[PDB]
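The chain is numbered in sequence order, starting from 1. All values below were derived from every heavy atom in this structure, side-chain atoms included, with hydrogens, water molecules and symmetry-related copies excluded. We count ligands from 1, going down the list as the structure has it; atoms in each ligand are counted the same way.
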Amino acid sequence: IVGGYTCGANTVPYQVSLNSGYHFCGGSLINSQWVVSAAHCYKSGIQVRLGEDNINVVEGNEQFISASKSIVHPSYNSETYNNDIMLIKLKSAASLXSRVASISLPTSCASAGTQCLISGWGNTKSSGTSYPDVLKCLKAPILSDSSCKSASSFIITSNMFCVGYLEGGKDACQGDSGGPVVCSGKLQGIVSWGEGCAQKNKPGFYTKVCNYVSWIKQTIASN
Ligand SMILES: COC(=O)[C@H](Cc1cccc(C(=N)N)c1)NC(=O)CNS(=O)(=O)c1ccc(C)cc1
Ligand SMILES: [Ca+2]
C-alpha cells in the first residue's frame with residue numbers, strides 16, 4: 001500500500017497473509033474455513049496466516065493453517081485478468097475471536113464515490129521498493145465507471161472496478177494482491193491489478209466480488 005497508514009494490530013481481523021515460506025499475497029477470511037483471494041495468487045503449498053500484524057514476528061494472536069484445497073474461478077483468464085478470484089479452504093477451522101474475524105459477502109454492488117478500506121503488506125513506494133512488516137491501510141473511493149473505463153490502455157470488464165485517486169500517490173501495490181477492499185462493511189473487492197502503483201491517471205483495478213457471491217456460496221456448500 002502506497003500513501004496509506006499503519007492499520008494497528010488486528011484492526012482488520014479478516015485480513016490474511018498467504019505464505020509459501022514468505023508472504024506473497026493477501027486474502028480475506030469469509031468464514032471459519034474459507035479464504036477469498038485472487039486467482040493470480042494461485043500457487044501450491046499455501047499456508048494461510050490469520051491474526052497477523054507484524055508478519056516477521058510472532059506476536060501472540062496468529063493462527064497458521066495449511067490450505068487443504070484451492071479453487072480458482074472456472075473462467076479465470078490470466079491474459080485479461082477477468083474473473084480474478086480464488087477460494088482457499090483451510091485444513092481445519094479457524095478459531096474466531098476479536099482479532100480473527102470473518103468479513104461478510106455483499107448482497108449488492110457498492111456505489112461510485114463510496115469510501116472503501118484496502119489493506120495489505122505490499123510495497124509502500126510508487127518508485128523503488130520497501131516492504132512493511134506491519135499491516136498497511138488505505139481509504140479510497142470507488143471511481144465512476146467512465147473514469148475507470150478510460151483508466152487503462154488494456155480492456156476493463158464488468159467484473160472489475162476502480163478504487164483510488166487519479167491524481168496519484170495512493171494505491172495498492174505489489175504484495176497486496178488477493179487482499180480485501182471493504183465498503184459498507186462488506187467485502188466488495190479483491191486487489192487484482194494495476195499499471196505500477198500510485199501513478200497519475202493509473203488507479204487500482206479490483207475484482208468485483210458482488211458478481212461472484214452465487215459461485216462462492218455454491219462452491220463452499222459442496223466442498
Ligand atoms: C508486478 O509489479 C507491480 O508493481 C504491480 C503490482 C500490483 C498488483 C496489484 C495491484 C496494483 C495496483 N497498483 N493497484 C499493483 N503490477 C504491475 O505493475 C503490472 N503492470 S504492468 O504494466 O507492469 C503489466 C501490464 C500487463 C502485463 C501482462 C504485465 C505487467
Ligand atoms: Ca506475526
With a 3.5 Å cut-off and sequence neighbours excluded, list the donor-acceptor pairs that the side chains of residues 30-37 form with protein atoms.
residue : atom : partner : partner atom : Å
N31     : OD1  : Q33     : N            : 2.9
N31     : OD1  : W34     : N            : 3.2
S37     : OG   : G26     : O            : 2.8

If you look only at distance, which donor and acceptor atoms sit under 3.5 Å apart when one is on a side chain in residues 110-117 and the other is two or more places apart or in another chain?
residue : atom : partner : partner atom : Å
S111    : OG   : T114    : OG1          : 3.1
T114    : OG1  : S111    : O            : 3.0

**Request:** I would like to know whether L187 and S104 meet side chain to side chain contact (heavy atoms under 4.5 Å, CB included); could you show each step before the answer?
**Result:** CA-CA 6 Å; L187 182 69; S104 297; over 6 Å; no
**Item:** Chi angles and distances behind the side chain to side chain contact (heavy atoms under 4.5 Å, CB included) call for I71, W215
**Value:** CA-CA 11 Å; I71 302 164; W215 167 80; 4.0 Å; yes
**Message:** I85 vs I216, test: side chain to side chain contact (heavy atoms under 4.5 Å, CB included). Steps then yes/no.
**Reply:** CA-CA 10 Å; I85 182 173; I216 294 159; 3.9 Å; yes
**Message:** Assess the residue pair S28 and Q15 against the criterion (side-chain hydrogen bond (donor to acceptor under 3.5 Å, both in side chains)); give the C-alpha distance rounded to whole Å, side-chain angles, the decisive distance to 0.1 Å, and a yes or no.
**Reply:** CA-CA 5 Å; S28 302; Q15 173 88 49; over 6 Å; no
**Message:** Show, in sequence, the C-alpha distance, side-chain angles and deciding distance for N211 and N159, and conclude whether the side-chain hydrogen bond (donor to acceptor under 3.5 Å, both in side chains) test is met.
**Reply:** CA-CA 7 Å; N211 291 353; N159 299 303; 3.1 Å; yes
**Request:** Evaluate the side-chain hydrogen bond (donor to acceptor under 3.5 Å, both in side chains) criterion for residues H40 and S177: first the C-alpha distance (whole Å), next the side-chain angles of each, then the deciding distance (0.1 Å), finally the verdict.
**Result:** CA-CA 8 Å; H40 86 262; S177 284; 2.8 Å; yes
**Item:** Step-by-step side chain to side chain contact (heavy atoms under 4.5 Å, CB included) determination, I46 to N19
**Value:** CA-CA 6 Å; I46 294 181; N19 184 289; over 6 Å; no
**Prompt:** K43 and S20: side-chain hydrogen bond (donor to acceptor under 3.5 Å, both in side chains), yes or no, with the steps?
**Reply:** CA-CA 8 Å; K43 66 160 75 170; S20 53; 2.8 Å; yes
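The N/O atoms of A198, backbone and side chain alike, include none that comes under 3.5 Å of an N/O atom in ligand 1. Of the N or O atoms in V191, none lie within a sub-3.5 Å distance of an N or O in ligand 1. Taking any N or O of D171, backbone or side chain, at least one lies under 3.5 Å from an N or O belonging to ligand 1. The distance criterion of under 3.5 Å between nitrogen or oxygen atoms is met by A172 with respect to ligand 1.
Contact between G164 and ligand 1 is absent, with no heavy atom of the residue lying under 4.0 Å from the ligand.
A cation-pi contact, defined as under 6.0 Å to the ring centre and within 45° of the axis, links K170 to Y165.
The nearest protein heavy atom to atom 17 (C) of ligand 1 is closer than 4.0 Å. Within the 4.0 Å cut-off (strictly below), a protein heavy atom is located near atom 8 (C) of ligand 1. There is no protein heavy atom closer than 4.0 angstrom to atom 23 (O) of ligand 1. At a distance under 4.0 Å, a protein heavy atom can be found next to atom 12 (C) of ligand 1.
Those atoms of ligand 1 that come under 4.0 Å of a heavy atom in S177, given as number and element, are 8 (C), 9 (C). Contact atoms of ligand 1 toward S192: 9 (C) (distance under 4.0 Å to a heavy atom of the residue). Every atom of ligand 1 with a heavy atom of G204 under 4.0 Å away is listed here by number and element: 14 (N).
Ring-plane geometry between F161 and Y206 is classed as tilted, the angle between the planes lying from 30 to 60 degrees on a 0 to 90 degree scale.
Legend: residues meeting side chain to side chain contact (heavy atoms under 4.5 Å, CB included) with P132, ordered by chain and number and at least two apart, are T124, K136.
Of the N and O atoms on the side chains of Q63 and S95, not one donor lies less than 3.5 Å from an acceptor on the other residue.
Of all protein heavy atoms, the one lying nearest to atom 26 (C) of ligand 1 is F154 CZ, 4.0 Å. Closest to atom 10 (C) of ligand 1 among all protein heavy atoms lies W193 C, 3.5 Å. Nearest protein heavy-atom neighbour of atom 15 (C) of ligand 1: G196 O, 3.6 Å. Among all non-hydrogen protein atoms, the one lying nearest atom 3 (C) of ligand 1 is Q174 CB, 4.1 Å. Here the heavy atom of the protein found nearest to atom 4 (O) of ligand 1 is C197 SG, 3.6 Å. From the protein, the heavy atom lying nearest to atom 19 (C) of ligand 1 is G194 O, 3.2 Å.
Looking at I88 and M86, their side chains come closer than 4.5 Å, going by heavy atoms from C-beta outward.
With waters neither drawn nor counted, the protein N/O/S atoms under 3.0 Å from the Ca ion (ligand 2) amount to 4.
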